[PDB]
Structures are given as structure tokens and as C-alpha cells.
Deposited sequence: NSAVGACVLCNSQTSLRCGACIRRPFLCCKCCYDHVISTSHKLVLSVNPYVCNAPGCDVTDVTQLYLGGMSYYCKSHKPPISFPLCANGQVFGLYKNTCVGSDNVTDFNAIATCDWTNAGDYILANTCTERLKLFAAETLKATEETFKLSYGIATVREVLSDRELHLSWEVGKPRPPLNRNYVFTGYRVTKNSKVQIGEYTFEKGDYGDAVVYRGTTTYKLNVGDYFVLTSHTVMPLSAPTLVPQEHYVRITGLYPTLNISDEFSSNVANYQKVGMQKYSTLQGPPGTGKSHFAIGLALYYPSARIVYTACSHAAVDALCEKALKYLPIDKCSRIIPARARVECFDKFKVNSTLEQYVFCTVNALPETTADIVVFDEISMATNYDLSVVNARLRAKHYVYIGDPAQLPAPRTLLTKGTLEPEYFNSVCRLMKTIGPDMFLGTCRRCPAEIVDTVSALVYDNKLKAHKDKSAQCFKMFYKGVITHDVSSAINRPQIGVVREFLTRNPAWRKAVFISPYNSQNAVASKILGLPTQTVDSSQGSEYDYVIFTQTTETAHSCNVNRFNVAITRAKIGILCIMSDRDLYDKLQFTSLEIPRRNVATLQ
């Protein structure tokens, strides 16, 4: 009843699961054998483990065990009448006589035994058959979940502030990178028990081993308080990543209108398609149409129950903005997870229920029907989210907004090789193979200065611009030195901004971005500027911004990282590189060394 199920691979009823595999998949008699015989996975589960029942034995390898009446024995402890649990390309279990088997085992083995530390592992997880994607997605996430248990605890050494801390890390264990992708639960001890105190994110500070912190319950901290990286249980998947597509000749689901604010006249042509299809992809480019577009489908389809989602709390909220304008605040909810990451977002009280517009993160989603579902920044999503979305909302249609030339989901575990955009999730693969459905562009926040920079052979092709070159070009080609925190510093690279364009008067209200963390710091030391990194630079509008590369290391020179640094400006940009072959695509004017003071 817990022990019987569909083969993950051929679908045949079975009473065998793999126990080596963390997600304990069901495997029928044939696929189980194809799986165990050539991998290191030798533990098979039924209602009991396939192991030697002889007291004192430690044989667990299904390929050396025999059926002993109704238990299992090694060669040694085997009864005289007894046959092997492996025989003739099958493991013993129920429904031998029925089971279909599969030519999908090469990937299933590969997915089940890899370790997720290699770009390769993620390509298999997106190029595989749809069912295996659910298997991989799950496998990957439970793997990231349990890997958190490898890291040290942090203890509060000193409460400097409202905002700052001193942590001591537990000795002998690695300490996790400090950033918003890592979320610790806080703890305090009485003199008799241990009591939770909220969740916390941490960031490096300027001077000293001082760290910034945000928290969920404003409870003021002690010395002795401590933080653990909490590993959560991972639920099984079920819905596909993408449903299978349906093309229509009419407009199904709900009833469009003839009363669109005439500002949306230009998007009528795409709202077209959302009627014609089961799901539709929309690229994309920053600034923006995307934030606007998502709204014009409500007005175009004024009776449509619509559910708006993303992974990021930020983006889900940013879409109540641009949506409490155009849309009636009354008939629309907007809801909350287990704990607000920092300070979040809610609606009317006493609750139950929801209808017309719901705004929610993939995690906090409920079981609901919609007519349309909008998934906001899918380039940030993973096939685990895709599955979950699809499994919690029965939609008639799915629009997926995003642009694959911007930033991807963090892969904790991924420390070797690099992901191309196509391998982010199921949808990004489409947008980078059969092209994005309905492109848009339009660019209403950036000067054609850089609009047609990123247009060139730098991941976009044909984008165009509204504003014109009302800015200033830039180029530079010497290479400073580095002091390789673990992150590297290039202060002689920032040394050439210091006293050459400083000459510019009121045009001094600028932001500083740069690739890494430690050369991101030396902006509050010398020069003095309000600095924000690339990972912060999303949706927020800026004027004067400057850019300092490094050695390359194409992690600084990742072309998607770089697109979402330069598209974050209105007035003026200037760039100082390393290059030596990168200027063949950035279209500006070169400048030199002895004319900068």
C-alpha cells in the first residue's frame, strides 16, 4: 500500500523501490534490474529491505541474495530450496508477468548517481524525457536540502547593532557563503530548553568580521544566540514541468472585451495568442513591457480569474505595483508564506477566500483554478517550480514571462562548468530553440547608447530603441593587478575612474556595480559612491552607473551577468574592461592611458 506503485520509468505496477536512491523511486522488475546491475545502487526495497535475514550477516547487495520461502539470504545462509532475487534481466517482485521495461535507463542511472556539482548534470536534467525531469528536479533539490547539514553553526559573538553582528563559526566545519540564497533559523537557549526566534539572512560588512543581518520577527538578539542552515523536507513532484501544448483557432476559456484603455492598443496583438494557445512564452527584455503586459491581460479579459506568480517575493510584489493602479484593489488578494523573508505583503483580514486576482509566490501557492496564470521571472525558476505551479493551479492558459538573457536561479551545488540559458528550465529551452513566442521591444528606460549595444551579437539580435544616443560611449584596454577575502580585488582597475571623469560636476549622483564582492567594497573607501551589485540590480531604475571588470574569468564576463548591469541605467554609463577580444561586440570608442588627470 506504501510499497506498491508505478514504475517511475515504464509505468508498470511494481513492489520494488530503490533504497540507494534518495527519492526511493518505484521500479518495476525490469527497470529495477537494468538500474541495479550496472550502477552502484544495490539496495532494493519492498515492504522489507532486500537483505540477509540471517542474524549476524551484513549482505545487502540484491545481486547476491536468494528468496528463502518468504525472506532473503546470502549464498552462505541460504536454504536448500531457494532461487536468486536476480535472474533473467529481472529483480523479483510483484507483477513480473506484466512489466513493460524501458530504453530510458541510461539517463535514469546517470541522473540517479551523479552529484550535481557539474554543468553536465544540469543539462541531463533538462534534455531528459519529461518524467525523468520530475525525477531529477526532485533528486537535485533533496540533494541541496541535505547538503546544508554539512555547514557550521554561527553563534553571535557580539551584537554591534540593529543591523550588524559578530559571529563566531563552529570550528572544524565549513562555513556557508553569506548571502540571501542562504537562510538561517535563529536560536536561543533558556537554562532548560531551546527556543526558535525567526529566520535570518546575513551579508558581509565593510570593516571587520562584522556582518549585516535581516530578520523575520524583529526580536532583539543576544550573545549566545545561534544560527543553523535549515534543511527542509522536499515533496514529490507530479505535474509536468510544461503541460503539453494545445493550439486553438478561436479564443477559449474566457470572454474578451471591447473596452481596452487605448494605451494597450499595441499589445492587443499578443493578447490574441493567449487565447489561441494552452501556454504562451513572452520574452522579455528589461524595461519592460513585461511588468505592463501582465496587467493588460486582466483588462482585456475582464472576467478572467487570474493568478500571478513568481519565485521572488520582490517580483510578486513589484507586480502589485503596476497593478493597484490599473486594477481594482477590492476584488483581489495577495497572500503570505510561512514566514515573511524580510518584510512582505498581505490583504484583508479574517480571510477566505480569493477570487479575481491572486498574487503569490510559487512556494506559498494554494490549490486553485484560474483562467490565466502568469509566471513572472521564469529565467529565475527551476523545473521544481514549474512542476509545483502546474500542480497547484489548474489553468486554461499559462503565460510565462521572462528573458533568458538575464539572471538565472542560484545553483548552490554547481561549482564546475557553466550553464547556458537553454538549460535553466523547461521554458528557457523553448525560448532558446523554437524562439520566444511574441517578442517585445520597445525600450522605455535606456538610451540607444547601450540599447543597440546589447542588440548586437550579445544575445538578442533585433531589439531597437525609443530614446536616442543622449549619453556617452566608453572603452579601455589595460589590465591592473589583483589581490586574490576569497573574492578578488582590482583597485588599480578602479584607480582610473578616480580622477578623470570626477571632473563632471552635478553628474556625480552615481551608482557603482562591478562583478565581485570585494571590489564592490572599495567604493565606500576611495571615491565614495552608493554601490549595488548585479544581483541587486533588477527592476530598480538608475542614472549614472560605472563598470569595473577584472582579469576575466568569464564569470565577470558572463554575457548575461553583463547585460543586466548595463541595462540598469538611464542617463549615463561608462565601462573599463580587460577585454583583448571583447570589444568586437561592445560598440563604443576606445580611449587611453596618459590623458586622465
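Q: So, counting the deposited sequence from position 1, which segments are absent from the coordinates?
A: No coordinates exist for the deposited residues in 485, 599-603, so these stretches are absent from the model.
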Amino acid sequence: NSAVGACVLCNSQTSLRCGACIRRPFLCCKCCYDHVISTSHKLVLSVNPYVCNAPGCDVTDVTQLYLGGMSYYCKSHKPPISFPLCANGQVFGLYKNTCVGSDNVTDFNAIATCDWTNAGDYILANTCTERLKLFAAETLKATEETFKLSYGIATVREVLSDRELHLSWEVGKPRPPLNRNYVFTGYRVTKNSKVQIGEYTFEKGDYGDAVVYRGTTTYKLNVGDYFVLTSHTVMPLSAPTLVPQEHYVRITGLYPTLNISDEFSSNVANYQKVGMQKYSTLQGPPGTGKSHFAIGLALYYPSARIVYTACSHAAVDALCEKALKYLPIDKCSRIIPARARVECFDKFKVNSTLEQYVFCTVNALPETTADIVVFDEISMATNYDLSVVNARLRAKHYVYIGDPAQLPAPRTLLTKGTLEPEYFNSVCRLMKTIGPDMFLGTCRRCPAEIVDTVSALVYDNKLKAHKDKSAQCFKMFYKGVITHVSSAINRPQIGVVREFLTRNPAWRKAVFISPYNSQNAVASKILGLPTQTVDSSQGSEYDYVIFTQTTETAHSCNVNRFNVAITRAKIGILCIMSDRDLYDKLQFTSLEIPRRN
From here on, numbers count along this sequence of modelled residues.
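Q: Which of the two stretches, 57-65 or 556-564, shows the higher mean Cα temperature factor in the record?
A: Averaging CA B-factors over each stretch, the winner is 556-564.
Q: So, looking at the entry's B-factor column for Cα atoms, which has the higher mean, 282-290 or 150-158?
A: That would be 282-290.
Q: By the CA temperature factor listed in this entry, which of these ranks top: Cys10, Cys21, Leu586, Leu16?
A: By C-alpha B-factor in the record, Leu586 ranks first.
Q: Looking at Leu414, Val496, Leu254, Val389, which has the biggest Cα B factor in the entry?
A: Each of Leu414, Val496, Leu254, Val389 was compared by C-alpha B-factor; the highest is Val496.
Q: Using the temperature factors of the C-alpha atoms in this entry, rank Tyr72 within its chain: lowest, middle or highest third.
A: Lowest third.
Q: Among the modelled residues of its chain, does the C-alpha B-factor of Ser168 lie in the lowest, middle or highest third?
A: Middle third of the chain for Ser168's C-alpha B-factor.
Q: Taking the values exactly as deposited, rank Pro408 by C-alpha B-factor within its chain and report the matching third: lowest, middle or highest.
A: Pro408: CA B-factor falls in the middle third of its chain.
Q: By its CA B factor, does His466 count among the lowest, middle or highest third of the modelled residues in the chain?
A: Within its chain, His466 is a highest-third residue by C-alpha B-factor, going by the deposited values.
Q: Where does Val342 sit by CA temperature factor within its chain: lowest, middle or highest third?
A: Tercile = highest for this residue's CA B-factor.
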